[PDB]
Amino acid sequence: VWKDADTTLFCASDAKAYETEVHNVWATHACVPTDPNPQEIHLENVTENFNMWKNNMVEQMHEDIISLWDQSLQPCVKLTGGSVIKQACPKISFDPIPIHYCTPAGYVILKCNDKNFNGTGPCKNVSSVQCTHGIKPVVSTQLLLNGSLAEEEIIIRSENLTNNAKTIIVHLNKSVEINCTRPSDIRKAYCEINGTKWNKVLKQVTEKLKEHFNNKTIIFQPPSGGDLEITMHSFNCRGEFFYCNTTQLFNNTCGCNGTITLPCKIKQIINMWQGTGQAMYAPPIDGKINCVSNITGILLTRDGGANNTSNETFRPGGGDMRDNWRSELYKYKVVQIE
């Protein structure tokens, strides 16, 4: 028998002791080795209530990735609270590895196994684990990359679908590849996407949004302002910060069924996701830079004033990295064995 409780977690990883890669190096000194023989125990006659939007596991993983990034990414110049920090800025090797989050003695992790569980409310197929599965701390906006997929249906996850400032997390069941490259202006980059698969999955998601918003007309629109970090789909590829224009995906047109080519730029000055200010890095490395990533989720914000209007308007959201961890941690919760 158990009780809801918060506790300090510890991380586990398949990290290589001989790697120079920064994620491996952080987990070699901050995490344990993954359990060589994990045990999931299904708990019968048991229904449990979950809530991904009030889950302390998210804020603890957030804390970890903050610290991994400040130990691994060394910008030339940091501009925080008036201070201006000059540093060394060698190029690093960057490629995230899965992290597992594990309870200490006396506590345990309950797992929701309902395939169409939306994130809040009851779960009747519940298991028990000592560690979560392997989660990749991928930092990005608009699109959630290299994550896990919904088992059955596309799932809409939000704290309050009526609050328009409450972000929406769309969990796909079919991943779409995005192939982003800077070949051998050295900051010009691009991304290739199957419009065939994108527009079909996009149409499937607007069907899902009709269910939650009284059959109304779903309209996709580009971000209506902000810094480049949220107006573009931004991510780190091998240590370089990419900024990609995604208006061709957030578009209601679809003569369009081939490959979509998104324009991208590698930026050296960025607004940090940790909130601490600005940072400037060094020019990108020699040679072809290439990352192929799975799109497994979308982040969205709904427009306002349409209380009386016939349609609903959704634009690609992002910015708060806590929602990125929420999208992989939603099915877990820590409880104290009483």
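Each residue number is its position in the shown sequence, starting from 1.
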Residue 254 to residue 255: deposited residues not modelled, binned count -> 4 to 9
Check the residues of the deposited sequence separating residue 184 from residue 185 and report how many of them have no coordinates, as none, 1 to 3, 4 to 9, or 10 or more. 4 to 9
Given 319-327 and 20-28, the range whose Cα B-factors average higher in the PDB entry: 319-327
Test of understanding: from the entry's C-alpha B-factors, which stretch has the higher mean, 132-140 or 88-96? 88-96
Using the temperature factors in the entry, find which of 75, 263, 147, 104 has the highest value at its Cα atom. 75
Per the PDB entry, maximal CA B factor within 60, 296, 67, 311: 311
Record-listed C-alpha B factor of residue 45: chain third: highest
Ranked against its chain, the third holding the CA B-factor of residue 306: highest
On the chain's distribution of Cα B-factors, residue 111 falls within the third called lowest
Within this chain, which third does the Cα B-factor at residue 179 fall in: lowest, middle or highest? middle
Based on the deposited C-alpha B factors for this chain, I'd like to know if residue 166 is in the lowest, middle or highest third. middle
